[PDB]
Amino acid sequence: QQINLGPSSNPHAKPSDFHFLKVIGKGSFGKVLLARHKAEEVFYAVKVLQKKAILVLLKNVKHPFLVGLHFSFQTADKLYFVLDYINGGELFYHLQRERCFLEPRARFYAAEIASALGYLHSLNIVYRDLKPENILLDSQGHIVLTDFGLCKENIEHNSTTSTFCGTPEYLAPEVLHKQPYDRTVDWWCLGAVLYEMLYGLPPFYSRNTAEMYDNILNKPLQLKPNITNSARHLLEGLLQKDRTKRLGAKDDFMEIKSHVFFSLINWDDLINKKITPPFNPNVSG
């Protein structure tokens, strides 16, 4: 009954190695807990998924902007995954406190997310459902995305939706049409994150969920005149409804990488964290 977890697997690790403090959060499946390793005396985030949710399950990818996986293990009923505890706060918590970001700062976060997505696509992996709840900052103020390689397609999601005030997600037109997830959905999500970073609300927003779905599919893009033309151009490109016309359809990350909005970004410097972040979270750990 032992599930194959991959190279990260730990035959020696048991739950009794961990002090479990509180519930950190919940994605689309399972739960995440704050845990202090009894012996090691350090803090981790342990995702715990129940075996009665699986209908190669884990394919971890290392990258400077993807949350690090330390090891994984299992019991009779549950699977456990030990991750870095990221204490710089959720990106959108900082956005909340500020209403919106200036473009240079928004650009920096968008660039880090873009590089991780572009890296993932090169290894033939698609993010699928990038959401604000997935976007954290580390102690230094660099972006950390919470996906660590779990196969979403093989795990049963818990996803009903409310008519008013749903879970914050960026559903692309093609996702609503329930068409295969490909690399161009990730670019729609990038554009939506960038849109929200600039305007303080997701694009096509409505209090009513159905209205929002309606707006995503049928309402033309609304770009108020408070951003530079390069920002406008990028958002017009990334938030195309037709994914065959969308920025990234023909050359993927190279189209975003070479876009005028990111002209001031040295992509080698960024990926290697040589650019001092535009904001320092008021903590260290």
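All residue numbers are counted from 1 along the displayed sequence.
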Checklist entry - How many missing residues of the deposited sequence lie between residue 55 and residue 56 in the entry, grouped as none, 1 to 3, 4 to 9, or 10 or more? => result 10 or more
Checklist entry - Which of the two stretches, 155 to 163 or 131 to 139, shows the higher mean Cα temperature factor in the record? => result 155 to 163
Next on the checklist: Test of reading the entry: by CA B factor among the chain's modelled residues, which third contains residue 68?
Outcome noted: lowest
Checklist entry - Hey, what third does residue 107 fall into on Cα B-factor, ranked over its chain? => result lowest
Item to check | Chain-wide C-alpha B factor ranking for residue 196, given as lowest, middle or highest third | outcome: lowest
Checklist outcome for this item: Split the chain's modelled residues into thirds by Cα B-factor; residue 280 lands in the highest
Checklist entry - Split the chain's modelled residues into thirds by Cα B-factor; is residue 59 in the lowest, middle or highest one? => result lowest
